[PDB]
Structure formats: C-alpha cells, structure tokens
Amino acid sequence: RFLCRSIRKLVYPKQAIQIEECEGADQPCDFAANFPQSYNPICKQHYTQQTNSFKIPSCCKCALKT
C-alpha cells in the first residue's frame, strides 16, 4: 500500500515506456492525518528527463508541503 493512488500506463516519446501516473495529482495523500503537524501531504507527479529531451512521468510521490 502507497500513500498516493497511482495507475500504470504507457507513454510514447515522439518507443513505449511503462510509467506510474497519479490518479489524483495535487490532491491530498491517503492517511493525511497520520503526518507530523505543519506538513501538508499532497500527491505529486514526479518526472525524469531522457535525451531532443523528453519530460517523462516517473511516479506519484506524497510531498510534505511546508
């Protein structure tokens, strides 16, 4: 179990790449009340660069916003 709901999908740089995308990006993480005070847990889409360069999604991570 992960804090952010994600989906595995294929992306196509213009060969295919299997990636992890947020089901709910910029939305709160699950277990949002389980974090220390003054941290706002938000699901964030992260990216990786491959080189023509391509911004390709990597994973959905729970970011603790201050």
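In this text, residue numbers run from 1 along the sequence as written.
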property	result
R8 - which third its CA temperature factor falls in, relative to the rest of the chain	highest
CA B-factor ranking of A16, expressed as a third of its chain	highest
Within-chain third of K65 by Cα B-factor, per the entry	lowest
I56, C-alpha B-factor rank within chain (lowest, middle or highest third)	middle
